[PDB]
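In this chain, numbering begins with 1 at the start of the sequence shown. Below, all heavy atoms of this structure are taken into account, side chains as well, without hydrogens, waters or symmetry copies.
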Amino acid sequence: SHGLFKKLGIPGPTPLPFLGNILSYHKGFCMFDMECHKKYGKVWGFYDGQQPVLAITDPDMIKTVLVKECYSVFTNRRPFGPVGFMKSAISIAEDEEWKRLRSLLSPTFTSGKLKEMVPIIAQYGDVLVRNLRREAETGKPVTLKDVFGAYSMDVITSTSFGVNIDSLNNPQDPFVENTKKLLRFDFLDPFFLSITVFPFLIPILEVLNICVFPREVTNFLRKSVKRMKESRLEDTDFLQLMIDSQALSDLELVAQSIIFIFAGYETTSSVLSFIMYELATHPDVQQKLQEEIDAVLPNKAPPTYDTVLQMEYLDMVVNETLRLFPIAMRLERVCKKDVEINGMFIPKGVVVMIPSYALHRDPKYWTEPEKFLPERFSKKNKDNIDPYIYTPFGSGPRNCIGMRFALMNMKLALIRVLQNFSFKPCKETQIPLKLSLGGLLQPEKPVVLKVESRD
Ligand code: HEM
Ligand SMILES: CC(C)c1nc(CN(C)C(=O)N[C@H](C(=O)NCCCCNC(=O)OCc2cncs2)C(C)C)cs1
Ligand SMILES: CC(C)c1nc(CN(C)C(=O)N[C@H](C(=O)NCCCCNC(=O)OCc2cncs2)C(C)C)cs1
C-alpha cells in the first residue's frame with residue numbers, strides 16, 4: 001500500500017514498512033500536521049499503518065469534500081478499535097444508517113428547543129456560581145475543568161431526562177458515579193497506536209466482546225433508559241424525542257445518549273477552560289467582556305436567549321479561542337469511491353483529512369497566528385475569514401450537530417461566571433500553555449486559576 005502516493009505523484013513523509021508514518025505522532029498530531037503543511041504545501045499524503053491518508057488545504061477542495069460530494073463520496077469517518085453496538089452511534093454510523101439518525105435527531109437543536117433550555121440550564125449556572133465562590137475563599141488556585149466539568153455534565157443530563165445532579169456535591173449519585181468512566185476516555189493510551197498498526201485484530205476483539213467504550217457505563221444506561229422510559233415517565237428533551245419517535249432500537253437509543261453524554265461534557269468543559277486561560281492572560285479582554293455583559297445585562301441581570309446572541313465581543317472571544325484551540329484538531333472523511341476533485345484524483349479507500357489545527361494557525365490567513373486577538377472576529381474583519389479555513393465545528397451535512405447548543409451553553413456559563421468573578425494567573429499556572437500530546441486537544445497540565453469575587 002505504501003506506493004500509492006509515489007504512483008499518484010503526491011508528496012509526503014517516507015513510510016517505513018508496517019508502521020507507515022506513525023512514529024511521527026510522537027511529536028504530537030499538531031506538530032506533525034504543521035510540519036507537513038510547511039514543507040509539502042497544499043496537499044500531502046501519509047500512512048497510518050497501511051492506511052493512506054491524504055491531507056488537503058485548498059478551501060475549494062475542502063468545500064468539495066465536506067459540502068458538495070458528502071452524500072455521494074465522502075460520507076463516513078474511520079472508526080478506531082472495536083466499537084461494538086456503538087457501530088450505530090450517529091457519529092460512527094455510515095451511509096443510510098447515518099442519514100436516518102441525522103434526520104431523526106435534527107429537531108433536537110431547533111432554536112425553539114434551545115430557548116426551552118435557557119431556563120433549565122440557568123439553574124445550573126447558579127449552582128456553578130455557588131461552587132465557584134466556596135472554591136475562591138480557599139485562596140488557592142482553582143482547577144476549572146473540574147468546576148466546568150461538573151456544570152456541563154449537569155446541563156446535558158437534564159437535557160435528556162431532567163435528571164438533576166449537583167455533580168460536585170453528589171459524587172455518589174448513581175448517574176454521576178457510574179458515568180465517570182465515559183471520560184476519562186483515554187484518547188492517549190497506546191492501545192490506539194497498536195490498533196492502527198494492527199487493524200486486522202479488530203474483528204478478534206469484536207468477537208470477544210471487548211469494546212473501547214467501557215462495559216460498566218453501557219450497562220448503566222441501558223437500565224437507566226429502561227427506567228426513565230417506563231418507571232420515571234409512564235403516567236402522563238433529547239431522551240423523550242428519541243422514544244416519542246418509535247425503527248429505533250433501545251440499544252441504538254443508548255448509543256446516541258452516550259455520544260451526547262460524552263460530547264456534552266468534554267467539549268464544553270475543555271473549551272471553557274481554554275477560554276478562561278485566555279481571559280486570565282489578557283485582563284483587558286476580560287474587563288472589556290465584563291463591561292459588555294454589564295451593559296447588556298445591567299445589575300447582574302439573568303441571561304436570556306436573545307441577550308446571549310446580542311453579545312458581539314462574547315462571540316468574538318469564543319470564536320478566537322476556538323481558532324487557537326479547535327478541540328477536534330483534524331476533520332476526516334473516507335473516500336467511498338474513485339473521484340476527481342478540483343483536478344486531483346482520489347482513489348477509493350483513502351482517508352481525506354482536513355488539518356483544522358494547522359489551518360487555524362496558517363500565516364496565509366492569520367496575522368500573528370500565535371496570538372489571542374479577538375479583534376480578528378469583529379463585524380468589519382470577519383469578512384476576511386474563510387469558512388473552509390476556519391472550521392471548528394466542521395462543515396456540511398456531517399458537521400457538529402451540537403454546534404448551537406455548545407455555543408449557547410458555553411456563553412451561559414461565561415456570562416454567569418464573569419458577572420460574579422474575575423480570573424487571574426498564579427504560580428501553578430502554565431505560561432505559555434502546552435497542549436495535549438495527541439489527537440483531542442486538552443491542556444498538558446490542568447488549567448488552574450485565581451478567582452476573586454466582584455464585591
Ligand atoms: C464547543 C464544543 C464542540 C466542538 C469544538 C465540536 C466540534 C465538532 C467537530 C469539528 C465535528 C466534526 C464535524 C465534521 O466532520 O465536519 C463534531 C461532530 C459531532 N458533534 Fe460536535 N463539537 C462540540 C460540542 C458538541 C455537542 C455539545 C454535541 C451534542 C450534544 C456534539 C455532537 C456531535 C455529533 C453527534 C457529531 C457527529 C455528527 C454526525 O456524524 O452526524 N458536539 N463536533
Ligand atoms: C464518544 C467519544 C468518547 C468518542 N470516542 C471516539 C473514538 N472512536 C472509538 C472512534 O472510532 N472514533 C473515530 C475517530 O476518532 N476518527 C478518527 C480521527 C478523526 C479526527 N477528527 C475528529 O476527531 O473529529 C471530531 C469528531 C468526529 N466525530 C465525532 S467528533 C470516529 C468515528 C470519530 C470517537 S467519539
Ligand atoms: C492515541 C494516540 C496514541 C494515537 N492515535 C493514533 C491514531 N490516529 C491517527 C487517530 O486519529 N486516532 C484517534 C483520534 O485521535 N481521534 C480524534 C478524537 C475523536 C474523538 N472525539 C472527538 O473528536 O470529540 C470532539 C467532539 C465534538 N462534538 C462531539 S465530540 C483515536 C485516538 C480515537 C495514532 S497515535
Side-chain angles (χ1 to χ4, degrees), residues 1-62 64-66 69 73-74 76-81 187-202 326-364 388-389 391 394 435-441:
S1 90
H2 291 161
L4 185 75
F5 297 121
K6 307 260 105 75
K7 198 200 93 274
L8 293 180
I10 292 151
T14 326
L16 301 169
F18 305 97
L19 272 24
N21 300 108
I22 46 96
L23 299 191
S24 306
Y25 282 118
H26 197 79
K27 316 165 284 127
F29 286 60
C30 289
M31 308 293 98
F32 177 47
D33 281 1
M34 294 271 26
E35 294 188 347
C36 271
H37 191 204
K38 229 202 94 296
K39 77 165 96 164
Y40 302 124
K42 280 184 151 303
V43 140
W44 64 95
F46 63 88
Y47 300 89
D48 278 333
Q50 294 287 134
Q51 177 60 60
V53 186
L54 178 74
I56 60 159
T57 64
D58 185 320
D60 245 359
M61 207 186 278
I62 294 186
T64 300
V65 173
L66 303 181
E69 307 285 340
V73 181
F74 304 105
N76 313 313
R77 313 205 170 89
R78 52 158 168 187
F80 267 94
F187 291 96
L188 260 38
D189 101 295
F191 172 82
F192 290 106
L193 219 207
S194 304
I195 214 63
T196 296
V197 179
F198 310 138
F200 52 87
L201 289 173
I202 289 169
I327 54 164
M329 147 134 39
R330 289 168 170 189
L331 270 21
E332 289 189 2
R333 304 282 186 273
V334 166
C335 179
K336 269 157 102 172
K337 76 194 198 201
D338 286 6
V339 258
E340 197 156 324
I341 65 170
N342 186 340
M344 89 173 311
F345 163 80
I346 328 292
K348 188 186 206 309
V350 183
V351 165
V352 172
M353 179 279 278
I354 299 93
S356 292
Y357 175 100
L359 296 176
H360 289 188
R361 296 168 177 249
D362 187 353
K364 263 286 171 280
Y388 308 94
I389 298 301
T391 65
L435 275 177
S436 173
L437 321 294
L440 190 256
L441 253 30

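For the atom pair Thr391 OG1 and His360 NE2, the distance stands at 4.0 Å (nearest 0.5 Å). Between atom OG1 of residue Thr64 and atom CD1 of residue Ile346 there is a gap of 10.0 Å, rounded to the nearest 0.5 Å. Distance check: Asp60 CG to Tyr388 OH gives 9.0 Å after rounding to the nearest 0.5 Å. Taken from OG1 in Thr57 to CH2 in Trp44, the straight-line distance is 6.0 Å, to the nearest 0.5 Å.
Environment of NZ in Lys39: sparse, with no more than 12 heavy atoms of neighbouring residues, nucleotides or ligands closer than 6.0 Å. For NZ of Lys27, the number of neighbouring non-hydrogen atoms (other residues, nucleotides, ligands) closer than 6.0 Å is greater than 12. Counting heavy-atom neighbours within 6.0 Å of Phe191 CZ, excluding the residue itself, gives a total above 12. By the neighbour-count criterion of 12 heavy atoms within 6.0 Å, atom NZ of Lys7 is densely surrounded, having more than that number from other residues, nucleotides or ligands.
Between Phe192 and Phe80, the ring-plane angle classifies as perpendicular under the 30° and 60° cut-offs.
Aromatic rings from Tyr25 and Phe32 are positioned such that their centres are separated by under 6.0 Å.
Of all heavy-atom pairs spanning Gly49 and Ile22, the tightest one is N-CG2, 4.3 Å. When every heavy atom of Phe46 is checked against every heavy atom of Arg330, the shortest pair comes out as CZ-NH2, 3.8 Å. Contact record, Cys335 with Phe74: CB-CE2, 3.7 Å, taken as the closest heavy-atom pair.
Side-chain contact between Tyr357 and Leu441: present, with at least one pair of heavy atoms (C-beta onward) separated by less than 4.5 Å.
Looking at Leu4, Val53, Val334 one by one, the single match for side-chain contact (heavy atoms from CB on, under 4.5 Å) with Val350 turns out to be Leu4.
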